[PDB]
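Trainee: fold the following, please.
(2 chains, ligands or ions: 1)
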Amino acid sequence: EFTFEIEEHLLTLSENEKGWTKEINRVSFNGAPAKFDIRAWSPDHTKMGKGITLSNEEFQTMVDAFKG
Amino acid sequence: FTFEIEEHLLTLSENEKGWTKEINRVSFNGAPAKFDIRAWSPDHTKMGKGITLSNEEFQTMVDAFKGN
Ligand SMILES: Cc1cn([C@H]2C[C@H](O)[C@@H](COP(=O)(O)O)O2)c(=O)[nH]c1=O
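Mentor: Residues are numbered from 1 along each chain as shown, chains lettered A, B, ... in the order given. Next up is the structure itself:
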């Protein structure tokens, strides 16, 4: 299907007046395992924007640091 | 094209070929530093695409993870 499916949405960091969003989601390319993704999303969610993907350790490393 | 890593906050990742995924305060092209997350060469002269965040966007992120 060659597409990016938001498996799960976690958080919404911002939103511009045009209705795009900065989100943190678990996102799945082409049926591959869902990775952690912080990215700009269009209102309907069809078009996505720029942003990084994270492996588990990266995210986990990250959140543990925002924690102690 | 110019940038500036003004503060390094956290390193999330090694890499087989020495890249590092980092959370930083980066300024691009003379613009005020924003919080920024991407991959960096071992010599931080090359990078991949990545997300940048306002501070409100960044704290919104940190908060949420402190609280789950
Ligand atoms: C000098 C230079 C910088 N950049 C910036 C913008 C991106 O955030 C990052 C690399 O992105 P890229 O993978 O799309 O080229 O570095 C380029 O994309 N191309 C260039 O030629």
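
Trainee: get me the contact residues on chain A for chain B.
Mentor: Neighbours of chain B within chain A, by CB under 8 Å from any CB of the partner chain: A:11, A:13-14, A:22, A:24, A:38-39, A:50-52, A:54-55, A:57-59, A:61-63, A:65-67. The C-beta positions use only the backbone N, C-alpha and C, and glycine is treated the same way.

Trainee: what packs against the longest strand along chain A?
Mentor: Looking across chain A with DSSP state E, the single longest strand is strand A:4-15. Counting contacts by 3 or more CB pairs under 8 Å, 6 or more residues apart in numbering or on different chains; DSSP states H and E, strand A:4-15 is packed against strand A:21-29, helix B:55-67.

Trainee: quick one, the last one and strand B:20-28 angle?
Mentor: It stands for helix B:55-67. 150 degrees (axes from the mean of the first three to the mean of the last three CA atoms, to 10 degrees).

Trainee: elements contacting helix B:55-67?
Mentor: strand A:4-15, strand B:34-40.

Trainee: nearest to the ligand, of these?
Mentor: Among these, the nearest to the ligand by CB to the nearest ligand atom is strand B:34-40 (6.8 Å).

Trainee: contacts for the helix or strand that comes right after that closest one next, please.
Mentor: The first helix or strand that comes after strand B:34-40 along the chain, using DSSP states H and E, is strand B:51-53. Strand B:51-53 has contacts (CB atoms under 8 Å, 6 or more residues apart in numbering or on different chains) with A:13, A:22, A:38-39, A:50-52, B:26, B:34-38, B:61.

Trainee: please indicate which of those residues are buried?
Mentor: Burial by neighbour count, 16 or more other CB atoms under 10 Å in any protein chain shown: within these this picks out A:13, A:22, A:38-39, A:51-52, B:26, B:34-38, B:61.
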